[PDB]
C-alpha cells in the first residue's frame, strides 16, 4: 500500500490540504495506494524551485549531469522487479513486459546520457557566405531552454516519463514532471530512484493531481519554457491551443495501417500484424490498428490472423497473459461500442466479442468498410479490423483519409514498390515487412497530422530541448 509523496526542492512532501487521490489495480479493483492532490499554488512553488535550480544545474560540467543519469539508470535496473511489479498492478501490464519496460528505460537513459556527451559545436567563417570576407568566426553551441514540463501517459508510466526527463536534465534543463494519475505511483517510484541517485534539489519536481485542477495552469504557466506531452489527441490539441511562445512536442493517437499486397509472405504478415496489433491489448498509440489487404490474398491472410489470435492467452497481468484487462470501465464501453457499430453495419466476426468486465477477449473483424467507426477511431483496445482492397492505390487513399499519421506497415515481396508506396503515406515512419513500433529508441520517432508535433527518439529529443547559442569573434 504505497501512500506516495511528491518531490519539491529535494524533499518528499504532502499536499498542504492533505487531500489525496486513490489508485487501484485495473485488473482487480484492489487498493494499491494514493498520491497527493496538489493545488495551483504548489504548482507555482515547484516551477519556481526548478527555475532557481536550473541556474546552478546548467553550469555543471556535462559529464556530471551524465553521471547522475547513469546512477539513476543503475538503480532502476537494480529495482527492476519491485518497480516492474508495481507497473503490472497499476496499469495491468503483463508481468515480464512491466519488468521489460524498466530495463528498456534504463537503456534509454544511458544511451541519452552518452549521446549528450557528443553534441559537438561548430565554427563558421564569415566568407562561407558571399560578401562575408573572413575576419569573423562563429562558435555555435547548444543551450538549455530552462524548465521542461514533461507529461507522461498511463501507457508507459516509466518509459515515456524517463524518455522525456532524461534528455531534459542532461542538456541542463530542469523538469516539472506530471504523470498520468493512473501510473503516478509507478512514476513516483522511478523519480525516487533519481533522488536516491543524488539529483540536486529542485532539478526534478513531481506534480500530481486531477486533469482540471492543475492541467491548464501548468500548460499556461510563464515559467514553463517547453512542453513534451504523450497522450490522447484531444488533450494534446488543447495543450497546443493553450500553450504560448514555447516549443511544444506532442505524441498523440494512432490508427496505423498495415498494407498487404498479394505478393506478400502471408505467414510473416499475419505474425507481425497480430504481434503489433494486440501488444498490451492494443493499448498503444503506435500499433497496427487497420489492415488493408488486396482481395486475392485476404481469405488466406484472415485465416492466418484468426489462428494466431485464438492462441493468445487471456487473463491476469500476474500470469503473463497476452491479453490483459483494459485500463478502465469507460475504455471497455468505448471499444464495445466500436465492435457493436461494426457488426450492426454487417461486419464478419471471426473471433471474439467476449468479455468479463474490463477483460476483453481479442476481437477480429473481417469485411469491415469505411462506413464503420472501427475503421477510423483509435480503440485503444484489443480489436483488429480487416478492410478488403482492390490495389495499392485504394490502400493509400484510405490510409491517408485518416486524421492520423503516426506509422504505417507495408507487406510485400517487392521492396522497391514498398519504398515507393511508403513515400505516398503521410506518416512519421513506414515499416517494410514489419509491424509498426516506437523503437529502437535511437531512430527518429514522430507523428504528423493529428498524431503529433515535433520529433522524439534519442537524439531528436536532445535537440528539441535546447537551442543555438552563437558567439561571434573577430579574427
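Residue numbers count along the first chain shown, from 1.
Peer 1: Can you let me know which of the two, 165 to 173 or 290 to 298, has the higher average C-alpha B-factor in the entry?
Peer 2: According to the PDB entry, the answer is 290 to 298.
Peer 1: Could you check the entry and say whether 307 to 315 or 111 to 119 has the higher mean CA B-factor?
Peer 2: Higher of the two, by average CA B-factor, is 307 to 315.
Peer 1: Looking at 284, 255, 130, 93, which has the highest CA B-factor as recorded?
Peer 2: Of the candidates given, the C-alpha B-factor peaks at 130.
Peer 1: Hey, out of 41, 441, 437, 426, whose CA B-factor is highest in the deposited coordinates?
Peer 2: Within the set 41, 441, 437, 426, 41 shows the top C-alpha B-factor.
Peer 1: Please rank the C-alpha B-factors of the chain's modelled residues and tell me whether residue 101 sits in the lowest, middle or highest third.
Peer 2: For residue 101, the deposited C-alpha B-factor lands in the lowest third.
Peer 1: Divide the modelled residues of the chain into thirds by Cα B-factor and specify which third, lowest, middle or highest, holds residue 29.
Peer 2: Ranked within chain, residue 29 CA B lands in the highest tercile.
Peer 1: Taking the entry's C-alpha B-factors for this chain, is residue 475 in the lowest, middle or highest third?
Peer 2: Highest third, going by the recorded CA B-factors of the chain.
Peer 1: For residue 37, does the deposited CA B-factor place it in the lowest, middle or highest third of the chain?
Peer 2: Tercile = highest for this residue's CA B-factor.
Peer 1: Considering every modelled residue of the chain and its Cα B-factor in the PDB entry, is residue 417 in the lowest, middle or highest third?
Peer 2: Its C-alpha B-factor belongs to the middle third of this chain's values.
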